[PDB]
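Residues: numbered from 1 along the sequence shown. Both ligands and their constituent atoms are indexed starting at 1 by order of listing. Side-chain atoms are counted along with the backbone in the values below, which use heavy atoms only and exclude waters and symmetry mates.
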Amino acid sequence: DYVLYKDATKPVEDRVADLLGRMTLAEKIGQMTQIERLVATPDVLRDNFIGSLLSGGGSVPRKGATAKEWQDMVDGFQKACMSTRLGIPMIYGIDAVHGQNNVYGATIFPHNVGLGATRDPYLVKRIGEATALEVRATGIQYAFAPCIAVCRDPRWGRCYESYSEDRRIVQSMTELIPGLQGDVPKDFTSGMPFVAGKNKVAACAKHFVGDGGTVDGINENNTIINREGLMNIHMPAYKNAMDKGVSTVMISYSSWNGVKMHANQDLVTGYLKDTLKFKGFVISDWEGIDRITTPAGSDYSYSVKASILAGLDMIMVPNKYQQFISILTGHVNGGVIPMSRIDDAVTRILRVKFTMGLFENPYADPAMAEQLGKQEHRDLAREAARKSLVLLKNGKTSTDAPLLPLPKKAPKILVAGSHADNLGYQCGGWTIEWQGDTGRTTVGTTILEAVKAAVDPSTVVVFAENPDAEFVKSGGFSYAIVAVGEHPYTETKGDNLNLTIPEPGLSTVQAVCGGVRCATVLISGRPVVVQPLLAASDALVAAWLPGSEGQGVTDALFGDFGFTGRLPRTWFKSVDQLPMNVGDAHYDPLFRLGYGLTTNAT
Ligand SMILES: *[C@@H]1O[C@H](CO)[C@@H](O[C@@H]2O[C@H](CO)[C@@H](O[C@@H]3O[C@H](CO[C@@H]4O[C@H](CO)[C@@H](O)[C@H](O)[C@@H]4O[C@@H]4O[C@H](CO)[C@@H](O)[C@H](O)[C@H]4NC(C)=O)[C@@H](O)[C@H](O)[C@@H]3O)[C@H](O)[C@H]2NC(C)=O)[C@H](O)[C@H]1NC(C)=O
Ligand SMILES: *[C@@H]1O[C@H](CO)[C@@H](O[C@@H]2O[C@H](CO)[C@@H](O[C@@H]3O[C@H](CO)[C@@H](O)[C@H](O)[C@@H]3O)[C@H](O)[C@H]2NC(C)=O)[C@H](O[C@@H]2O[C@@H](C)[C@@H](O)[C@@H](O)[C@@H]2O)[C@H]1NC(C)=O
Ligand SMILES: *[C@@H]1O[C@H](CO)[C@@H](O[C@@H]2O[C@H](CO)[C@@H](O[C@@H]3O[C@H](CO)[C@@H](O)[C@H](O)[C@@H]3O)[C@H](O)[C@H]2NC(C)=O)[C@H](O)[C@H]1NC(C)=O
Ligand SMILES: CCCCCCCCS[C@@H]1O[C@H](CO)[C@@H](O)[C@H](O)[C@H]1O
C-alpha cells in the first residue's frame, strides 16, 4: 500500500490523521511518554514506542563531551525509535535557556533578567537564532524556552529566568520564539505550532501559568490572585507566544488559588486549548504530575488521571516510564480516560513532529557541530551582556568626577572580589550543572581576563580575591574593579527571604573602596540588599548573570560603549517591603523600574 504519513509532500494534518489511524494504544501512549536519557536504552525506546527523550540539568553523555558526542548520543536513541513498526522519530528536549547551557563550550548568554534590562527584543530574537544553531550543533531538536514567567517577587529562586516584573517587557521578549523556531508565514493562524526546518528547534512557552506570582516567591507554590489579575499580568505573553507559533507549552508546578496547574482542566483545556486555540502539544514539568498530590507521588494513579483529563499531552515522567505507561494503559482500558483524549494528545505531538520536519530529518547534521561556541555567537553574547548592565551609581556626590568610563592606561590597577575571576559565578544557574557551579566550568572570559584583554600593555593589573584595607592603601593603584554577588542557584535552591549577598562581598568592597576609588560590579539573579554596597562604592553596576562573555562588562567599564541598561525590575529598600511592584499602592523603591544611569563611549 501507499503510506500517506511517510509522504513528505502531503499536508501535515493529512499525515497526522493517516499515522494516528494506524496506531495501537501502546504506540499512542508511547508518544505521550518523555523519558530521561539516563533511563533510556535501545530496547526500552523500541519496546515502549517512546515519543521523546530529554536531558535534565547536567544530564550529559560525558563531562566535556564534544558536539559530535552529543549528536552520536541523540542519533543512537533515534535509531532505536526509527526501528519501531511505525518508525516515529523521537523528539529530544533540553533546557537551553541562555544558550545550549548544559554543553561544554556552548556560548552562555545573559540570563533573562539581564535580557529584560536591554529592552531590545531584536537582540533577544538573535540570541534565539544563535541558540537554535548551538542546540542543533548537538543534535537536539527542542529547547525548553522561553520562560515567560512574570516574576512579581524577587525572593523567588527563578526570578532571573523572568525578563521582567512588567508583563509588557515579558511580552516584547517573546521574540525569542521566532528566533529559536524561525519566523511564521504571513498567513499564519495564531496557536498553530511552527518550526522552519532542520536548522531551527521547537520552543516551549513556560511555565503555564502564574509561576511568577507565588506567595512570598516560594517556588512551585500557590499563586493567590483573581482571574482579572491572572489575565492581565501572568497570561498576556502566552497570547504573544500563540501569535508567534510556539510549538509547545510546559505546565507549571505552581497552583492558582489552590488548584494545581497540572490538574487544572479549566485553564489547560478551557483556556489554553479551547480559547487561545493552541494546536501544539502541552507538556508536564519534571515529575509535575507526581507533585499534584501531597506527598508527591503518593497517588500516581490519580496523578495520571488528573493530568491527562486536565488536557496535558506529553508527560515528562522522566524516570519511571513503566509505571506511567502501565497506569495510563489501565485507565484507558477501564474507560476512565476516553480514547478521544489519547487521540487528541497524540494528534498534537505528531502535529509538532511533522510540522518541524522531524520525519524528514530525524538524524543530526554533522556539519552543524562547529556552530557550538561559534565566535559570532560569542560576539552576540558579549553585546547582550554589555547591553544588560545597569549603572546604578557613577560618583559619590553630584560634584565628583564620574568614575566610569575608566581609562585603559594607568600605571597599576586592582581587580578584586569573589566574582572577578569566576566563570561559573558569572553564568549562574543552568550552566553545565543544573545548579550552576563554581570556577572554570566551560569556555569563557572572566571579568579579570576581560580586564587584562582590554587595558593598555603598560597597565599593570593586580588580582587579589579578598585583599585587606592595608594591601589596597599600600598598593599604588589608580582604581579598582571589585566584583561580588550571589552564588549560582536554580529553582527552590534559589528561594531566599533575606536577599543579602554572601560574605565576603560587602567587606571586600568596603576594604577596597576605602583605599582607592572603585567600580563595584554586582553579579546577581535579582535585586539584593544594596545600600551598604552603594555607600562604599564610587560607581556600582548591576551586571545580573552576564554569561560566558565577560568582556561585555569591560566594554562598558572602559567606555568602548556607553551604559544603556535600565532596570527591568523594581529595586527594593528592604525585603519586608515585598512583594512590591510598579503600580502598587505603597510603592517605595530604592530604584524604580526603568532606572539606569548612562555613559557615553570614549
Ligand atoms: C539568607 O537566606 C539564604 C537562602 O536560604 C541563605 O543562603 C543559603 O544558606 C544555606 C544554609 O546555610 C546554604 O546551605 C548550605 O550549603 C552548604 C554548601 O555551601 C554552599 O554551596 C552552594 C552550592 O553547592 C552555594 O550556593 C552556597 O552559596 C555555598 O557555597 C559556598 O559559600 C561560601 C560562603 O560565601 C563560599 O566561601 C564558597 O566559596 C562557596 N562555594 C561554592 C561551591 O560556591 C552545605 O555544606 C550545607 O550543608 C548547607 O546545605 C545555602 O547553600 C545558601 N545559599 C544558597 C544559594 O542556597 C543565607 O545564608 C541567608 N543570609 C543571611 C543574612 O542569613
Ligand atoms: C550619550 O548617551 C545617551 C545614552 O543614554 C544617548 O542618548 C540616547 O540614545 C538612544 C539611541 O541612540 C535613544 O533612543 C532610545 O532607545 C531606543 C533603542 O533601544 C530607541 O529605539 C528609542 O527610539 C529611544 O528613544 C535615547 O532616547 C537617548 N537617551 C536620551 C534620553 O538622550 C546619546 O546619543 C545621542 O543623543 C540621542 C538623543 C540620539 O539623538 C542619539 O542618536 C545620539 O547619538 C549619547 N551621545 C552620543 C553623542 O553618543
Ligand atoms: C506552599 O509552601 C508551604 C510551605 O512550604 C507548603 O506547606 C508545607 O507543606 C508540607 C507538605 O508538603 C508540610 O510538610 C509536612 O508537614 C506534615 C505535618 O506535620 C508532616 O506530617 C509531613 O511529614 C511534612 O513534613 C509543611 O508543614 C507545610 N509548611 C507549613 C508550615 O505551612 C504548602 O503546601 C505550599 N503550597 C502549595 C500550593 O504548593
Ligand atoms: C534532582 C531532581 C530534583 C527535581 C526538582 C524539580 C526540578 C524541576 S525542574 C524542571 O525541569 C524542566 C526540564 O528539565 C525545566 O524545563 C523546568 O523549567 C523546570 O521547572
Side-chain angles (χ1 to χ4, degrees), residues 34 36-38 52-59 93-97 101-102 112 142-149 155-158 160-162 203-208 210-211 213-224 248-263 283-288 290-298 316-319 417-419 422 424-425 428-430 433-439 441 465-466 484-508 524-526 528-529 575:
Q34 181 182 79
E36 241 283 344
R37 55 158 294 268
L38 284 168
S52 184
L53 286 89
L54 86 153
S55 281
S59 187
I94 200 161
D95 295 284
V97 298
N101 52 74
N102 282 125
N112 288 355
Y142 178 24
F144 305 131
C147 179
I148 54 160
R155 294 176 290 183
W156 189 37
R158 317 192 73 165
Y160 71 80
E161 305 197 61
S162 165
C204 180
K206 68 182 192 182
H207 317 83
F208 183 89
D211 50 337
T214 66
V215 47
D216 295 339
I218 299 161
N219 189 221
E220 306 188 14
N221 211 250
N222 198 17
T223 299
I224 306 173
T248 76
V249 172
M250 182 185 301
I251 308 305
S252 186
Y253 290 123
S254 57
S255 300
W256 176 53
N257 290 332
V259 180
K260 290 278 168 182
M261 283 308 313
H262 288 251
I283 191 172
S284 83
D285 210 335
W286 174 287
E287 298 169 345
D290 311 48
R291 297 176 201 188
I292 288 163
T293 65
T294 297
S298 63
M316 181 181 310
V317 183
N319 298 137
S418 56
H419 290 56
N422 193 319
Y425 282 6
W430 291 111
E433 306 292 348
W434 176 45
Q435 286 295 320
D437 201 354
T438 180
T441 58
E465 183 173 338
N466 305 119
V484 296
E486 294 195 296
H487 296 171
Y489 55 79
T490 306
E491 295 177 65
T492 307
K493 280 269 161 74
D495 285 1
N496 189 333
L497 297 179
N498 59 78
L499 302 178
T500 76
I501 67 161
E503 285 307 290
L506 180 59
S507 60
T508 303
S524 67
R526 48 178 162 205
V528 293
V529 180
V575 299

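Looking only at protein heavy atoms, the nearest one to atom 36 (N) of ligand 3 is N221 ND2, 3.0 Å. Protein heavy atom in closest approach to atom 7 (O) of ligand 1: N496 ND2, 4.9 Å. Counting only heavy atoms of the protein, atom 33 (C) of ligand 1 lies nearest to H487 CE1, 3.7 Å. The single protein non-hydrogen atom nearest to atom 43 (C) of ligand 1 is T438 CG2, 3.8 Å, given as residue, atom name and distance. With respect to atom 2 (O) of ligand 1, the closest heavy atom belonging to the protein is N498 ND2, 2.4 Å. Distance from atom 56 (C) of ligand 1 to its nearest protein heavy atom, with residue and atom name: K493 O, 4.0 Å. Remark: minimum distance from atom 34 (C) of ligand 1 to any protein heavy atom is reached at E503 O, 3.6 Å. For atom 12 (O) of ligand 3, the closest heavy atom belonging to the protein is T294 CG2, 3.6 Å. The protein heavy-atom contact nearest to atom 44 (O) of ligand 1 is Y425 OH, 2.7 Å.
In this structure, atom 21 (O) of ligand 1 has no protein heavy-atom contact shorter than 4.0 Å. Counting protein heavy atoms under 4.0 angstrom from atom 27 (C) of ligand 1 gives one or more. Checking atom 47 (C) of ligand 1 against the protein gives no heavy-atom contact under 4.0 Å. Not a single protein heavy atom sits closer than 4.0 Å to atom 10 (C) of ligand 1. Distance check for atom 4 (C) of ligand 1: a protein heavy atom is found below 4.0 Å. Proximity of atom 36 (C) of ligand 1 to the protein is indicated by at least one non-hydrogen atom lying closer than 4.0 angstrom.
Side-chain contact, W434 with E491: a donor N or O sits under 3.5 Å from an acceptor N or O.
Ligand 1 has at least one atom lying under 4.0 Å from a heavy atom of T500. Not a single heavy atom of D437 sits under 4.0 Å from any atom of ligand 1.
Ring geometry for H419 against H487 counts as parallel: the plane angle stays under 30°, on a 0 to 90° scale with 60° as the upper cut.
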Quick check on ligand 4: any N or O pairs to the protein under 3.5 Å? One line per pair.
unit_1: ligand 4; atom_1: 11 (O); unit_2: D285; atom_2: OD1; d: 3.2
unit_1: ligand 4; atom_1: 14 (O); unit_2: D95; atom_2: OD2; d: 2.6
unit_1: ligand 4; atom_1: 16 (O); unit_2: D95; atom_2: OD1; d: 2.6
unit_1: ligand 4; atom_1: 16 (O); unit_2: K206; atom_2: NZ; d: 3.2
unit_1: ligand 4; atom_1: 18 (O); unit_2: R158; atom_2: NH2; d: 2.9
unit_1: ligand 4; atom_1: 18 (O); unit_2: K206; atom_2: NZ; d: 3.0
unit_1: ligand 4; atom_1: 18 (O); unit_2: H207; atom_2: NE2; d: 2.6
unit_1: ligand 4; atom_1: 20 (O); unit_2: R158; atom_2: NH1; d: 2.6
unit_1: ligand 4; atom_1: 20 (O); unit_2: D285; atom_2: OD1; d: 3.3
unit_1: ligand 4; atom_1: 20 (O); unit_2: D285; atom_2: OD2; d: 2.6

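Put simply, the side chain of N498 gets close to the backbone of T500: a donor and an acceptor are under 3.5 Å apart.
The CZ atom of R526 sits 4.5 Å away from the CG atom of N496 when rounded to the nearest 0.5 Å.
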